[PDB]
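Asks: Curious how this folds, go ahead:
(chains A and B, ligands or ions: 7)
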Amino acid sequence: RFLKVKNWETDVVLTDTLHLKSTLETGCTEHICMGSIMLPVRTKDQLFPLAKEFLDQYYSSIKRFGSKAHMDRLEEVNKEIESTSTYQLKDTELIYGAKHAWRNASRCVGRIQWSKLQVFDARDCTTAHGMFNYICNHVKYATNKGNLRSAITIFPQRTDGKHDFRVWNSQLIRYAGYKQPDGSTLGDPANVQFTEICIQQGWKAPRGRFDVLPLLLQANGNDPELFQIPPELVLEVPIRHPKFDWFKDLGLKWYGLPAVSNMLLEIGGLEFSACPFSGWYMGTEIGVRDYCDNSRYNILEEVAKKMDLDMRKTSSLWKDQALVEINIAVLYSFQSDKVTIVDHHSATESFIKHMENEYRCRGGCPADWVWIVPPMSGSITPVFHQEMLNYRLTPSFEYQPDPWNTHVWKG
Amino acid sequence: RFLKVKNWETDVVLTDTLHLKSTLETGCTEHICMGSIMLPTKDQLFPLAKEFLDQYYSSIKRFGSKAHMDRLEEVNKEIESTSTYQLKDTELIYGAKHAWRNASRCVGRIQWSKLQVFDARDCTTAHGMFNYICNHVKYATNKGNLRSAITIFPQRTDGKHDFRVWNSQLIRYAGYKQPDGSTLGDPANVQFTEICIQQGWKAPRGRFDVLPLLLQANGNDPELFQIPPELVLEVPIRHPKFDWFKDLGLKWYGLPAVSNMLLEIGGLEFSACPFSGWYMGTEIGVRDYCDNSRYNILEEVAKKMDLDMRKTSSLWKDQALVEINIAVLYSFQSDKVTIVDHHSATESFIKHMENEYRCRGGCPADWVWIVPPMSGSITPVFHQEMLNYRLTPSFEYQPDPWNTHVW
Ligand code: HEM
Ligand code: HEM
Ligand SMILES: Nc1cccc(C[C@H]2CNC[C@H]2OCCNCCc2cccc(F)c2)n1
Ligand SMILES: Nc1cccc(C[C@H]2CNC[C@H]2OCCNCCc2cccc(F)c2)n1
Ligand SMILES: C[C@H](O)[C@H](O)[C@H]1CNc2nc(N)[nH]c(=O)c2N1
Ligand SMILES: C[C@H](O)[C@H](O)[C@H]1CNc2nc(N)[nH]c(=O)c2N1
Ligand SMILES: [Zn+2]
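Replies: Numbering: from 1, shown residues only, chains lettered A, B, ... in the order given. Ligands and ions are numbered 1, 2, ... in the order given. Have a look at this structure:
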């Protein structure tokens, strides 16, 4: 079977066969599309097929399908599963696996980069202090004094689900949020609940607008422990504008390293619940979402005030005007400080080239349009005009519940 | 079976049950989402008729009344005898309002119950269609104080006697290829513009020539007509800050009037049902003006603003985009032609969703189309989960007539 996608701007038509290898469900049916819904302990029984499918994929990728090495590995994994109820990946399979989870991540516009990922194997880690050390090394490596390098650190896999490794932070580097008695918020309102947990755990909060949060780290199902990332490891960029000299006086900054730490990595049926990964920013993530969402820093008004835009009617488009200015500021600031960043034009244009190459070499590229299209200037990026097919391939990154919701506290 | 949608900005959770009434297919499966694909007998008719009549009689609080059971038997006799049936005027109006109400891709649905329905089922010729259409254009335009309207031509019978408007919209601009390799006017309309030429239209060959109507009655060959220019309200585009903007020579028309869709009510098919509302500014400023395959004006505008066009990261495209859209809204407002900005329209749609959830149990919505083509996340719809499903009565796409028509 063959499915076609059309770019309505170029008339380029692509043919997808890769979707045939998808088994996991989308949330949609013949009667309902759930394409805009954000969120739509394995037996031995279910494990061996998952391992077999993965190893078949791995051995095919290295051009050794059906080889003696391939067959011996299947047998070895089979034996290990029946005897121990799980199995261990070879370093080569882990690296392949992690890269492919990124390749398969339908919500990621940056996947042109997928084959360049530094994988840190942290499966020998046993304690929270051990995790802290691994994470510091990742942050220093990935940061590279502003010449950002993509990286992932992989902690031990789930065993019985009672001994999970988890990074409780949603990202390795994020700013604290504090709810004031008067109902206003200081700092990042997205991080209020998490900030509150850190405080309870014993963090001494500076109570400012951009306090880098401590790491809250859980090894082997134990209660999580707090650690402060050395400040010299946390690269930050003060935000200024190339023409507007008052922009610096907004007192804005952001961190250079975007590093997702709350997702679950699935490889061959194995579950890695702590697998922090990092790339580099696309400008709109900060300038559009972090700064201008109503439920985030919410700076549109203050910026438009300072620009002296007509604010009495939405139809002056003051908000759109201030939006572009803030996003120019973000890109200018990062580039001036030599911290890697990509603008949404460049990133989407690269994504289209990647997607086309993937169709040609792989038979497809699963992509979630709702997430791929940037949150400003949608239709002046080429992805807006690109039909996309969204389906789930493994290896994969998945959401998992917040750990404060599920953790059994030991004391 | 009961489905929740969350707004991530407000935490408001709504519960959808209306989807369970849905019947037609989405294009998606459990294995694949097709959310971003643009185009994903007497025996058949009686169930469709019944489903419709049932919802009509329920809507007037007469479900299962003697009047309800009388109508179902009368329609059933009519289908049994004629293989089709005729809608009462009340049914037709209800059907048309509900097709709009059900249009998952339309952000302007807060207005759905204020629709003027022009019954043109007595029409027989292209001159007659032309008359109905001029009357629709003049009524809807209302000297710039636009009113929503639909004109409904006779329903499909055996399918070789279709009424069709060949135009995609009642009012559009011509497109011309030259030796240049370039396109003058609207590249979207090149093929149609050429069909007009081959059928006899003498073209001014300019950038903004209002196209003629090409009208097909009763499956006959279509005929050309020029809409009286005094009936076509157009707006010159100027900027409230940039005096040079006027010299780009830009204008647009005031009346958005889709004329190529098919209205289905109670299984009956209305292949010619032009309808019109009023513009959201982005349709013109972002899409018509800035799509690479449309007027594609970003380069010329950026140049007049003297921006640094050497690198994408200066956001010269994005700056110019905003200015073009400011000009569109300013021009329509100044000339007193109804228009809505994307902020106002999307705020209205959120309120409409809330009304629909509370009063109807849901609102089918296609997020990919509802979120505006600029500044997505600063509009509330970006943060609103939506469920997309097909309800009837409906507006549907149909084949372009030129590919289908037997000459
Ligand atoms: C190299 C530069 C990269 C860029 C510019 C980039 C860009 C993005 C953006 C803009 C998003 C959507 C974020 C949001 O709106 O919340 C995203 C999502 C995502 N990316 Fe990337 N990415 C990069 C590298 C990576 C890497 C290294 C990985 C993992 C190895 C990754 C995996 C993912 C995943 C799993 C998502 C989904 C996150 C979610 O659903 O919350 N990306 N990417
Ligand atoms: C009153 C003001 C209205 C506004 C502001 C409005 C807004 C819009 C917009 C922005 C679109 C997307 C157009 C595109 O991107 O191609 C759309 C699509 C649509 N609207 Fe409306 N609308 C209005 C009135 C109407 C009326 C009166 C009807 C029918 C009675 C209608 C039915 C539809 C349908 C069926 C579509 C999908 C068209 C397609 O798929 O090409 N709308 N609407
Ligand atoms: N440029 C890069 C590189 C790597 C990773 C990234 C994503 C990061 C950065 N900027 C946002 C964050 O992405 C992680 C947060 N994404 C939303 C998670 C979420 C919330 C609610 C519901 C739901 F389904 C999902 N960007
Ligand atoms: N404001 C209003 C009021 C009523 C109606 C409208 C839509 C009109 C105006 N502005 C665009 C036009 O909409 C009709 C064209 N829509 C896209 C048609 C299309 C083409 C290719 C593939 C595909 F799937 C669909 N706006
Ligand atoms: C409701 C809707 O699906 C939700 O707001 C999505 C839309 N698209 C997105 N796209 C990206 N990249 N990131 C997001 O957080 C979202 N949010
Ligand atoms: C491929 C993609 O579905 C296509 O470009 C869509 C996206 N969203 C849209 N949204 C609206 N309102 N109108 C459109 O024409 C489109 N085009
Ligand atoms: Zn879907």
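
Asks: quick one: the residue nearest the centre of chain A from residue B:35, how far?
Replies: For chain A, the residue nearest the mean C-alpha position is residue A:260 (4.4 Å; Cα atoms, centre = their mean). For residue A:260, the distance to residue B:35 equals 24 Å [Cβ to Cβ, to the nearest Å]. In this view, the C-beta of every residue, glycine as well, is placed from N, C-alpha and C.

Asks: what's the answer for residue A:107, then?
Replies: According to Cβ to Cβ, residue A:107 stands 13 Å off from residue B:35.

Asks: Over to residue A:343?
Replies: 26 Å.

Asks: And the closest residue to residue A:78 other than its chain neighbours, its phi and psi?
Replies: Among residues not flanking residue A:78 along the chain, residue A:48 sits closest, at 6.4 Å (Cβ to Cβ, 6 or more residues apart in numbering or on different chains). Torsion angles at residue A:48 (phi, psi; degrees, to the nearest 10) stand at phi -60, psi -40.

Asks: State the distance from residue A:48 to ligand 3.
Replies: 31 Å (Cβ to the nearest ligand atom, to the nearest Å).

Asks: Is that residue in contact with residue A:79, as I believe?
Replies: No - the criterion here is Cβ atoms under 8 Å, and residue A:48 misses it with residue A:79 at 10.7 Å.

Asks: which one of these two has more residues nearby?
Replies: residue A:48 (18 against 11; other Cβ atoms under 10 Å in any protein chain shown).

Asks: quick one: secondary structure of the residue located most distally from the centre of chain A?
Replies: For chain A, the largest distance from the centre (Cα atoms, centre = their mean) belongs to residue A:312, which lies 38.1 Å off. Here residue A:312 is recorded as coil under DSSP: H, G, I helix; E, B strand; the rest coil.

Asks: so what's the closest residue to ligand 2 within the stretch 251-400 of chain A up against?
Replies: Nearest residue of the stretch 251-400 of chain A to ligand 2 (Cβ to the nearest ligand atom) works out as residue A:379 at 9.4 Å. Applying Cβ atoms under 8 Å, 6 or more residues apart in numbering or on different chains to residue A:379 gives the contacts A:385, B:286, B:287, B:290, B:291, B:373, B:374.

Asks: switch to 7 Å and redo it
Replies: Residue A:379 makes contacts with B:286, B:287, B:291, B:373, B:374, as judged by Cβ atoms under 7 Å, 6 or more residues apart in numbering or on different chains.

Asks: Shouldn't it be within a helix?
Replies: Yes - under three-state DSSP, residue A:379 sits within a helix.

Asks: Tell me which stretches of the stretch 301-411 of chain A form strands.
Replies: Taking DSSP state E, counting those that start in this stretch, the strands of the stretch 301-411 of chain A run over residues A:341-342, A:396-398.

Asks: so residue A:105 touches residue A:397, yeah?
Replies: Yes - contact criterion Cβ atoms under 7 Å: residue A:105 and residue A:397 qualify, at 5.6 Å.

Asks: Residue A:143 - how many residues pack around it?
Replies: Residues lying near residue A:143 (other Cβ under 10 Å) number 24.

Asks: near ligand 1 at all, the helix or strand containing it?
Replies: According to DSSP states H and E, residue A:143 maps onto helix A:128-143. No - Helix A:128-143 does not reach ligand 1 (Cβ under 6 Å from any ligand atom); its nearest approach is 9.0 Å.

Asks: what helices or strands is that helix leaning on?
Replies: Packed against helix A:128-143, as judged by 3 or more Cβ pairs under 7 Å, 6 or more residues apart in numbering or on different chains; DSSP states H and E, are the following elements: strand A:118-121, strand A:151-154, strand A:215-218.

Asks: bridging residues for residue A:153?
Replies: Residue A:153 has these beta-bridge partners by DSSP bridges: residue A:120.

Asks: Contact partners for it?
Replies: Here residue A:153 is in contact with A:120, A:122, A:134, A:135, A:138, A:276 (criterion: Cβ under 7 Å, 6+ apart).

Asks: Break chain A into its domains for me.
Replies: A:16-123+A:150-160+A:264-278+A:348-372, A:124-149+A:164-235+A:399-403, A:236-258+A:281-346 (curated CATH domains).

Asks: ok so, going back, can you add distance to ligand 1 and mean neighbour count and give the strands of the stretch 301-411 of chain A back as TSV?
Replies: As requested, the strands of the stretch 301-411 of chain A are exported to TSV (distance: least, Cβ to the nearest ligand atom, whole Å; neighbours: other Cβ atoms under 10 Å in any protein chain shown):
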stretch	distance to ligand 1	mean neighbour count
strand A:341-342	5	23
strand A:396-398	4	18
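
Asks: which one of the ones you listed lies closest to ligand 3?
Replies: Per Cβ to the nearest ligand atom, nearest to ligand 3 of the strands of the stretch 301-411 of chain A: strand A:341-342, 8.0 Å.
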